[PDB]
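Shown here is one chain on its own, the form deposited in one PDB entry, set out as structure tokens.
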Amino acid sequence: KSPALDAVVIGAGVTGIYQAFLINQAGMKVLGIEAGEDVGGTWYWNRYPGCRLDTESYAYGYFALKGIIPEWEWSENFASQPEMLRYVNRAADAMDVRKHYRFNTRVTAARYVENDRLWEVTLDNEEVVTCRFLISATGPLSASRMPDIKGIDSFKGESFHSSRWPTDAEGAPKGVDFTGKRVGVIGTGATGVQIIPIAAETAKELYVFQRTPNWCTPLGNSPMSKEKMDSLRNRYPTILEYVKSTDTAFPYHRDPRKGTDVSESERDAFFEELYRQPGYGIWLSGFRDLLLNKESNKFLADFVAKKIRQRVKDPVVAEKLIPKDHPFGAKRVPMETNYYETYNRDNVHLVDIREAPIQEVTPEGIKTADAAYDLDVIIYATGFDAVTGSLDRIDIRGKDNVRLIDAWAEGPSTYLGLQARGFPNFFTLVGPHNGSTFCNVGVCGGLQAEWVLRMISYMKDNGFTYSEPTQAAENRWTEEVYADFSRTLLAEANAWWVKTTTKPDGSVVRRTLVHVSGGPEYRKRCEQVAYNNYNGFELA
């Protein structure tokens, strides 16, 4: 029993469609499967007000950089979701990729057949296809999660998670006009932070329910003249080479200097300039020791904090938005268009819901431990189940009928962030130990799929039909990803990222759900392994 397809690719976001294009371009049989109507993933699903890149548009647009759609015109330095969706669409045209996809179809299970070295893939609990290789491009941040919060279904008004905003026939979102409504927004991650200022322009009243402020910096978006766009296009080969060489694939790189290498007065001048220029420079061009040295982090934390107080006129309000939990740049930093100034409006109220938690949602509004709020509308900007989440929702079974869920219970275990022992011929793209959290995913995802294609090509060419990490390679990779991660300041910030298992005999295993070496050093490890005939995989 031999498989119908060389590969199934799950997902039609930017990673999936590109992976599918490469496999077919290499002369192989691929089937792509997508739950939504059409291409885009993130940019198909997220139609909330303010949705917009945090990556420079020309940097994220790997399909333009690579010469698949070089003629592409960006209208803004940080494109909005609608523009991003037209981008993914136009690229799906050039790649002629849609004819390889089933849409409106959800993978519900995937079972590795040991005797036949193949994957049985189940579609909406009915049809079953077979493939040599299973490749998930299921997304690091798809799979919305609701707040665990009592009474959700009683609200008598309109109610959404931010990733499921209803639209008109044209694709444009509806119920965007809040004129004369009282609006609740729960959550202040990068999603809430984009919505709240747009909500505030039309809402009669606006309540923001914040469990934990983030460090947010100004985005500094503006339009992109045709002249500048032509200029960028002309230097695409330089820009590409440059983003392939930085640690995050953003067009920034760390200052060579330590924080304490300049006076206090020089830091401030330096911080002041980056703060004012657009994009992630303030975070990504910082001092080399920004995420490794408590004191060097406090310099910048102190500085952004001072900026929050300058921008928010009310001092009690302003201190509630300054975080005390965590170091700056310890999470993907949300960037904003007039976020703080919004709280100077008369119709906008910040509700600290850590000191006074929500009890329940009510037919009339929301109820906290010390107040009630009549609300006409509620927006759940409460985030996603990250990296591993979209995989958990598929019943994935490997050798010996073992659940991926159970294999990764003590935390994700991979080789190269790409395969897992127990799960042969299975590739996880922009999953764990891969670096997604701080990546320009447009670029990182792209390069990861090219590497997977090269390994698939190698096997076809050698007539191999079996690949799986050795236990030793996977142990060494996984331990090493953790060691590097323990050396930065992210370790005591987000301890939920670390899973710690004191087994029953006394042994202690530590895994992080997050890779933090640079992309270049990652890709270098992958090429050393690829060239040395995939040293670390059993290949047969």
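Rigid core here is just the name for the largest C-alpha set that superposes within 1.5 Å across the two forms. Shifts are known only where both forms have a C-alpha. Just count from 1 along the sequence shown to find any residue number.
(message) Taking the other PDB entries of this protein that cover both neighbours, check whether residue 146 lacks coordinates in at least a third of them.
(response) Yes: coordinates for residue 146 absent from at least a third of the compared entries.
(message) Over the set of other compared entries for this protein, does residue 162 lack coordinates in at least a third of them?
(response) That residue is present in all of the other compared entries.
(request) Please work out which of 45-53 and 501-509 has the higher mean CA B-factor as recorded in the PDB entry. (result) For C-alpha atoms only, the mean B-factor is higher in 501-509.
(message) Can you tell me whether 436-444 has a higher mean C-alpha B factor than 340-348 in this record, or the other way round?
(response) Comparing averages over the C-alpha atoms only gives 340-348.
(request) Would you mind checking which of 107, 219, 353, 94 has the top Cα temperature factor in the PDB entry? (result) 353 has the highest C-alpha B-factor of those listed.
(message) For the CA B factor values reported in this entry, which option in 278, 139, 157, 237 has the top one?
(response) So the option with the highest C-alpha B-factor is 157.
(request) Taking the chain's C-alpha temperature factors as the reference, tell me which third residue 490 falls into: lowest, middle or highest. (result) It belongs to the highest third of the chain when residues are ordered by C-alpha B-factor.
(request) Determine, from the deposited record, the chain-internal third of the Cα B-factor for residue 259: lowest, middle or highest. (result) It belongs to the highest third of the chain when residues are ordered by C-alpha B-factor.
(request) Relative to the other modelled residues of the same chain, rank the CA B-factor of residue 168 and answer lowest, middle or highest third. (result) Its C-alpha B-factor belongs to the highest third of this chain's values.
(request) Would you please rank residue 207 by its C-alpha temperature factor against the other modelled residues of its chain and give the third it falls in: lowest, middle or highest? (result) Its C-alpha B-factor belongs to the highest third of this chain's values.
(message) Is residue 398 in the lowest, middle or highest third of its chain when residues are ranked by C-alpha B-factor?
(response) Lowest third, going by the recorded CA B-factors of the chain.
Below, we refer to the form deposited in another entry, which is not included among the displayed structures.
(request) Tell which of 120, 116, 73, 385, after superposing on the rigid core, has its C-alpha displaced by 2 Å or more between this form and the one not shown, please. (result) If I go through the list carefully, the shifting residue is 385.
(request) Note yes or no: does the Cα of residue 27 move by 2 Å or more between this form and the one not shown after the core is superposed? (result) For residue 27, whose C-alpha is compared between this form and the one not shown after core superposition, the shift is less than 2 Å.
(request) Specify closer or farther for residue 490 and residue 387: how their Cα atoms are spaced in that other deposited form versus the shown form, given a shift of 3 angstroms or more. (result) So the answer is closer.
(request) Explain in one word, closer or farther, how the Cα atoms of residue 127 and residue 387 are placed in that other deposited form relative to this form, where the distance changes by 3 Å or more. (result) Distance between the C-alphas of residue 127 and residue 387: longer in that other deposited form, by 3 Å or more.
(request) Sticking with residues common to both forms, list the runs of three or more in a row where every CA moves 2 angstroms or more between this form and the one not shown, core superposed. (result) 384-390, 502-507 are the stretches that shift between this form and the one not shown.
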